[PDB]
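Just one chain is shown here, as structure tokens, and it is the form deposited in one PDB entry.
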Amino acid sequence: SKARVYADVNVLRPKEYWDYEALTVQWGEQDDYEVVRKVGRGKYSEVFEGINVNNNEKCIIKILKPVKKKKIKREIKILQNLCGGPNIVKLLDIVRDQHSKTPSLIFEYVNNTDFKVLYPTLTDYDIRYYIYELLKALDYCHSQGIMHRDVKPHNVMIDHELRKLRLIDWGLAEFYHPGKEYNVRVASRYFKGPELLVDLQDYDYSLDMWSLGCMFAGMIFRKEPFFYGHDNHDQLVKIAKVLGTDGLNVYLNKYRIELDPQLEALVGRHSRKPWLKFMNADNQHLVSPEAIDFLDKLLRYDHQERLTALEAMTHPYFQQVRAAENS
């Protein structure tokens, strides 16, 4: 399998651009950024709202947990490559501790409003607007030959008063190389696409479009974990109970995917449930025919069938956000 767009980005580019294992970090001074208050936790890091002793300007301090230096250089190179793009968190500095040798990345500051309290107040228009903004971010990184691989509400900081948005945490992101076989243990369980669950290793940028699709579904239907599985095998069962099992067979047969006996039996056979059956008094104010058409074109088992970030931005559903942006 090969991406349908931006497939040759790293083929035309000098190895310097994507060879991150050869990156030589030019650390700065941890003696220049002060911690103010923890704002986020994580399996690979801790986030802190900090201040820049110099400019006096606020900032975000990310302290990385202990991991192989390969994963640290990867996140750094990608952030350097993406700096400047629309709605991409901007990396400002890189520092480390002298004794512990603990790495720390310095980022622009963004208030960030907890999604479990924000999303419920979003209006029909707000949703169209913020998703459109996230798509600018994804089309940009895909155009630069990079997959984020961890798209979820937690990695999208939103300053709802300034209506500003940023895609964050590029700790699992990777460079896309046609035909390469990547690790399927990326992203958070609820946003993992079928390809990661059936073990299709040569996946591409379309993986991020499935994750986005799960996010979108969660918002219009007012049901955060839209696909709520307790483990990976259970995650695929949940997906198959909504999209139907016939579509999964086509997918499996097309890419000649095995699918072990346990997960297969575990999945069984299910008919497809039309999107409208998920509508209820709590979410009918957000479920329009256009929203349904858009979501439908995102959540497709076959990664090659999904809309690209660029096609998504032009969908009629964002019709007013575009006109407002134009003038």
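Whichever C-alpha set is largest while still superposing within 1.5 Å between the two forms counts as the rigid core. The numbering used is simple: start at 1 and walk along the sequence shown.
Note that the form solved in complex with a partner chain isn't included here; everything after this is about it.
Which of 83 to 91, 196 to 204, 104 to 112, 251 to 259 sits within 4.5 Å of the partner chain in the entry with it bound, heavy atom basis:
Careful reading of the contacts points to 104 to 112.
When the partner chain is placed as it is in the entry with it bound, are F227, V237 and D302 each within 4.5 Å of it, taking any non-hydrogen atom of the residue?
Looking in the entry with it bound, the three residues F227, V237 and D302 all stay beyond 4.5 Å of the partner chain (heavy atoms).
Looking at the partner-bound form in the entry with it bound, is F278 within 4.5 Å of the partner chain by any heavy atom?
Result no; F278 lies far from the partner chain in the entry with it bound.
If you check in the entry with it bound, is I63 within 4.5 Å of the partner chain, heavy atoms only?
Flag for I63 set to yes.
Contact label in the entry with it bound: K116 to the partner chain, heavy atom within 4.5 Å:
Yes, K116 sits close enough to the partner chain in the entry with it bound that at least one of its heavy atoms falls within 4.5 Å.
Would you classify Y44 as touching the partner chain in the entry with it bound, given a 4.5 Å non-hydrogen atom cut-off?
Because no heavy atom of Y44 falls inside 4.5 Å of the partner chain in the entry with it bound, the answer is no.
Considering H160, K136, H177, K73, which brings a non-hydrogen atom within 4.5 Å of the partner chain in the entry with it bound?
Exactly one residue meets the criterion: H160.
Would you kindly say which of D296, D31, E264, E57 lies with a heavy atom within 4.5 Å of the partner chain in the entry with it bound?
Looking at the other structure, the residue within range turns out to be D31.
Only one of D124, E108, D97, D159 crosses a C-alpha shift of 2 angstroms between this form and the one not shown, counting 2 angstroms or more, core aligned. Which residue?
Everything else stays below 2 Å; the exception is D97.
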